[PDB]
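Below, in structure tokens: the form deposited in one PDB entry, a single chain.
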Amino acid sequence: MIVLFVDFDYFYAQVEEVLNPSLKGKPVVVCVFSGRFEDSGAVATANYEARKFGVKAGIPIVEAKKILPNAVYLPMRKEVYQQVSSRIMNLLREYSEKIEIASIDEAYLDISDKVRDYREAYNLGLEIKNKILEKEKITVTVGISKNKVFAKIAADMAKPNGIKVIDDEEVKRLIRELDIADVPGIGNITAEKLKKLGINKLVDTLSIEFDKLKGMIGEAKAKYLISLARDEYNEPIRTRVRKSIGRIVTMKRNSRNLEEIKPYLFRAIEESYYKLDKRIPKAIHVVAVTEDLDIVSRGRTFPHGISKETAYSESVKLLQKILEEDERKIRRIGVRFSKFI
């Protein structure tokens, strides 16, 4: 089994450059403005320029401006990046019938049957780099290995504009030499949990009682890490089927008043329903981020599919339930549909 994984590079920033070559060689920052005040909000992606100087996703815009007050600041245009993504996604279907589109900027293929060894795989990776660059002038990063996991890692090693195979020789090395928090699916929380069990490498999960591991990180997380460690992770490249759809917006000022939050919830419903795209949900959820950024949700499932007037009048009832069952204020409010037909 051979997996080729593609991560487009610095994607929203990169698309903004193609539409406007003037931003070649300039630091570029793409953001989501709150409208809470002047420049309020966060960064979503920056290009390599702005990025090597500290500017990264997740950070407040004003902070990003204290670092590079002379870099370019762009309001994001999700629609645009989306379209470009699809076109590039299509370009990939030439190379395999076996494709997994993971996200707007990421996909896997299963080239096991098009390439004889890892050598032809590399060339293939170069054929696809050449192609996207020819058609859309977009640079991507290719990461080849023998499972979805090491493919992604290979790609994270060579990022950006790079390419990188990880043969079984290097896989075997990485299981005992790679920092365990560079494993996909291991964010800071799980990392500190793993540090406190002395597991700082993928193999260290082979010399610990399962029960003890299952105690710190749970059953499912355990199995996962052990499977890579014994080198038997075989998750097949299957097509993704959207399981849920929603929108969530940041309120200009924080509030507990039902009337003030009401319009935001309603906007979020209008976007979510339009995104549904001839799909009918049985399950609705109202999701709220509190003044201290704790997530609080209330939901409900229906034996039939949800109509938009029902969605309106049930979300008001769930939002009520939140303000009754919690005393914090709210800064973000949204809905999420799921359990389709």
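Numbers for residues come from their place in the sequence shown, where the first is 1. So that the term is clear: the rigid core is the largest set of C-alpha atoms that superpose within 1.5 Å between two forms.
- For the pair 239-247 and 209-217, the mean Cα B-factor is higher in 209-217.
- The mean Cα B-factor in the deposited entry runs higher for 32-40 than for the other of 310-318 and 32-40.
- Within the selection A268, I175, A158, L91, the deposited Cα B-factor values reach their highest point at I175.
- Residues shown: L194, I138, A107, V142. Highest C-alpha temperature factor in the entry: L194.
- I341 sits in the highest third of its chain by CA B factor, as recorded in the PDB entry.
- In the deposited entry, the Cα temperature factor of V171 sits in the top third of values across the chain's modelled residues.
- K98: CA B factor lies in the highest third for its chain, per the PDB record.
- Ranked against the other modelled residues of its chain, the C-alpha B-factor of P60 as given in the entry falls in the middle third.
- In the PDB entry, a CA B factor belonging to the highest third of its chain's modelled residues is recorded for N70.
Another form, the form deposited in another entry, is not on view; read the next lines as being about it.
- Core-superposed comparison between this form and the one not shown: among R240, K137, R119, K195, the single residue whose C-alpha moves by 2 Å or more is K195.
- Shown in the overlay between this form and the one not shown, fitted on the rigid core, is a CA shift at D204 of 2 Å or greater.
- With the core held fixed between this form and the one not shown, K214 has its Cα displaced by at least 2 Å.
- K252 shows a C-alpha shift of 2 Å or greater between this form and the one not shown [criterion: core-superposed Cα displacement of 2 Å].
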